[PDB]
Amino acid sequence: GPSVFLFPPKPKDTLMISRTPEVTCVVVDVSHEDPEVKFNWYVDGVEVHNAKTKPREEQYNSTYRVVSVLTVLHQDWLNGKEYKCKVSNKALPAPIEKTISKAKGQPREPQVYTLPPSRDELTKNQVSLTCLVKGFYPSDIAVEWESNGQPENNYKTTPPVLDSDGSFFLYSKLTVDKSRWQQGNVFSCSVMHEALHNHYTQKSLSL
């Protein structure tokens, strides 16, 4: 009958105490006929009861999409606890169980390197400010940019890439008007990862 997909929290949400990390259990292909969907949640096998189901919404293909959101403690996810979502529905021979947890392996600290634009790029009105982050593990990481204390938002970051030593790397590219760079403005690449002190570091870049 229905299918289940279990999603982890965003890397930033488990690293910053200001955020509230959530695990999301998504059920699709729930029929009109058998619409009842029951969720059971366990952390390392112990059932938990703070899960909240969101309003379901019928889909363009005439099935129900039902979602249960489970808030989790930052420490538990980081310390490897297993989150299991149990979904019960009448169209199933049996309940479907999906499990997720942080990747295993010793965490490795990211090295953060800011790189100015290539001189060849100065012929354009916009330049690229680059932030290379390498040697980190697990691949869960968050990267942002700011200037003067405010958030530079015109950036894009590549997904993590597995390196030859088993760690990961990525590049974040912030695009700014060439004038802003030429004027001496200072930019900062902020990186959040479990293996960094305070789960946070910043590296500046300026002319």
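All residue numbers are counted from 1 along the displayed sequence.
Relative to one another, 66-74 and 178-186 have unequal mean CA B-factors, and 178-186 is the one with the higher figure.
Here the stretch with the larger average CA B-factor, out of 126-134 and 97-105, is 97-105. Taking only the listed residues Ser118, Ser88, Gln111, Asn79, the entry reports the highest CA temperature factor at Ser88. Per the deposited record, the Cα B-factor of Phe168 falls in the lowest third when ranked against the other modelled residues of its chain.
Annotation for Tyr60: C-alpha temperature factor in the highest third relative to the rest of the modelled chain, per the entry. In this PDB entry, the Cα temperature factor of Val28 sits in the middle third of its chain's modelled residues. Ranked by Cα temperature factor within the chain, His49 sits in the highest third according to the deposited record. Split the chain's modelled residues into thirds by C-alpha temperature factor. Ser3 is in the highest one.
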